[PDB]
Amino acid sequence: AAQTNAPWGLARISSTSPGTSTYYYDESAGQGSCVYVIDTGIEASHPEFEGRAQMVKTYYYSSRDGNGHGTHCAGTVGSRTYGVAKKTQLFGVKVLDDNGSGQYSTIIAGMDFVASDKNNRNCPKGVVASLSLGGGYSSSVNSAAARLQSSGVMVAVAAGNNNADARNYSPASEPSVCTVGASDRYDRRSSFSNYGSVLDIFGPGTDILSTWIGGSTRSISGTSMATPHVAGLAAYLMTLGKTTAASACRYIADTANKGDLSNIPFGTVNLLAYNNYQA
């Protein structure tokens, strides 16, 4: 399948060179996989989700996304026009309030919730969790991410936006999950992206068009926007049978475009997520 005039980040993950505008992907498109988006919520009624999104848990007064961030990230995972895995099932867990903030105890509870809830859902091709959030180092937050991964869920987390070593941030610094940095459309490390030895992979993160609340769209930037490209890619590859939740981060790194990014400090991987699609 081919989507013409795609957002640049989708085109980039299906190309060995920057500057293309078509997203090439297998028609299976993540069908049969499930992705939990742990964030401010998802506007499940947005036409771009085609009925494939639902909220399953909130830690606040409402399950509505009053912010937009969670709806944007979910759109990059799996909306029709803006998504990597266009036929996946999306589940929303609202651990952040409508200002985008949340306490670590709530974020931990939401991770433990997903590890249990996936046993009630029909996800025959596997389960992914996308965490476009973080803060300062916490061993308890890292431990919760490690538990979620151990339970059989592919966990992708944002590296953070401080132009610093991600070893000082959580859950970015948990080695056993998939920690995602951001790049821009000229194959530079995004100027805000964290770096360091704990990063596993880069994905598109600057000027990313996706869904927004009120049935709208907008473009924003962050490692929050790179993470759902990798979460969606994992769901897509698990549906194709190429990898499993336990090994998907390693598989994505092994099959990435290697050495193409600029402004990568010594000691950080130079690997850009790539779907390897051949018609």
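Note that residue numbering follows the sequence shown and begins at 1.
Higher mean CA temperature factor, per the PDB entry, when comparing 221-229 with 60-68: 60-68.
Between 251-259 and 15-23, it is 15-23 that carries the larger average Cα temperature factor according to the deposited entry. In the deposited coordinates, the residue among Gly110, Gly203, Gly135, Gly78 with the greatest CA B-factor is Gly135. If you compare the C-alpha temperature factors of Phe91, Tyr104, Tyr82, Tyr169 in the entry, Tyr104 comes out highest. Per-chain ranking of the deposited C-alpha B factor places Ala115 in the lowest third. Looking at the C-alpha B-factors along this chain, the one for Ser190 belongs to the middle third. Remark: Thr243 belongs to the highest third of its chain, ranked by C-alpha B-factor as recorded.
Annotation for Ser28: CA B-factor lies in the highest third of the chain's modelled residues. In this PDB entry, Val177 carries a Cα temperature factor that places it within the middle third of its chain's modelled residues.
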